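Only one chain is shown below, in structure tokens, and it's the form deposited in one PDB entry.
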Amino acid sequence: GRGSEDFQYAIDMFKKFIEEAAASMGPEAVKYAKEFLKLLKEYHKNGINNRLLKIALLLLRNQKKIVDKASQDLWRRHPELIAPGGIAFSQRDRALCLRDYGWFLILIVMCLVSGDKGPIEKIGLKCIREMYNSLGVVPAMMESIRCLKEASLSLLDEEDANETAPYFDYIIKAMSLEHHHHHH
């Protein structure tokens, strides 16, 4: 573990995310992420919005705390996810859940620093589709992102929370549409 208050910390977090999720998100997603990272550094050369970078660093440095808190809330609100026959019953499966939780948070942070939902439109939506192709329609999944949102915004003030909430809402709405319109 390591946390810093520097733009290089966010850059390294994005690189690690790209490296870890490259095989899962596909080649088009990695190209988008690489282009995003290059543009962020190019615009950082001309100065960066400190408020956005502050909220991004605050969410990145507490990534694992947010993941654990959200996962605990989700298991409590839907114990069937970790019970026999559930999607997160297996140790590997539960580990994959926490992985995707951290990746959702990385995507949120990418939108934060960019002030745009682009990274969620391109990468996020596609992955939400692939993820449902491997998991199926599990109703408890709808609370998954809510817990993450509840666990992320709980570390921010009302202004920072208001700046970050729209991306969680966009993700929840997208998953809802994918969930109830998959087999159609």
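Residue numbers run from 1 along the displayed sequence. Definition used throughout: the rigid core is the maximal C-alpha set that superposes within 1.5 Å between two forms.
There is another form of this protein, the form deposited in another entry, and it is not shown here; the text below is about that form.
- Only one candidate in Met142, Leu155, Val30, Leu53 has its Cα displaced by 2 Å or more between this form and the one not shown after core superposition: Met142.
- After superposition on the rigid core, the Cα of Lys65 moves by less than 2 Å between this form and the one not shown.
- One change in the other form concerns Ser114 and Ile120, whose Cα atoms lie at least 3 Å closer than in this form.
- Relative to the shown form, the Cα atoms of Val138 and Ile18 move together by 3 Å or more in the other form.
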